[PDB]
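These protein sequences, in sequence, are chains A and B.
Mapped onto the UniProt record's numbering, the consecutive letters of the first sequence carry residue numbers 102 to 152.
Mapped onto the UniProt record's numbering, the consecutive letters of the second sequence carry residue numbers 71 to 140.
Cβ coordinates follow ideal geometry from the N, Cα and C atoms, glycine included.
Take a look at the structure below.
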Amino acid sequence: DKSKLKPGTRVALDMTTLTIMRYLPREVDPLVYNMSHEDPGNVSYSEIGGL
Amino acid sequence: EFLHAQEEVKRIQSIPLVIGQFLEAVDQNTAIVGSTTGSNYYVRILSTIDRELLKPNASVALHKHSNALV
């Protein structure tokens, strides 16, 4: 598709002719993945009274 | 023969290409441009197609195999 190119996504292109061999699924930086999984707390996520 | 010859240039006009910026013309034949590859080039402008709306400032593409401004 022509939808396998959209700004910011990864593409593999041939070196010698610069035509699209394939779609390359975008990298996921491990740093963003750490931020999603981790909770820096050790306190309740329901309530803290008076706050 | 002219129809067979034009075919041959079209292929070159197309990818592979490397982009630059076209600064200014020092000749209708040949012109000075700057690449994103880190080289300033003197590249030839392809004939039997316009080279006279080539001349203003614009983004431009240079062929990878031939090192010309197709």
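- Spatial neighbours of residue 116(B) in its own chain (CB-CB distance under 6 Å, excluding positions within 5 residues in sequence) are listed in chain order as 140.
- Closer than 7 Å to the CB of residue 126(B) there is not a single CB belonging to chain A.
- Short of 7 Å from the beta carbon of residue 108(B), and not among the five residues preceding or following it, lies no beta carbon of its own chain.
- In the DSSP annotation of this structure, the continuous segment of the alpha helix (DSSP H) that includes residue 132(A) starts and ends at 131-138.
- Rounded to whole angstroms, the gap between the alpha carbons of residue 88(B) and residue 131(A) is 32 Å.
- Along the stretch 81-101 of chain B, going in chain order, the ones with a CB nearer than 8 Å to a CB of chain A are 85, 86, 87.
- Contact with chain B is found for residue 119(A), since one of that chain's Cβ atoms lies less than 7 Å from the residue's Cβ.
- Inter-residue distance for residue 118(A) and residue 133(B) is about 10 Å (C-alpha atoms, whole angstroms).
- Across the set 110(A), 116(A), 146(A), 144(A), the C-alpha of 110(A) shows the shortest separation from the C-alpha of residue 126(A).
- Between the C-alpha atoms of residue 72(B) and residue 99(B) there is a straight-line separation of about 21 Å.
- Sixteen is the threshold: since fewer than 16 other Cβ atoms of the shown chains lie within 10 Å of the Cβ of residue 96(B), the residue is exposed.
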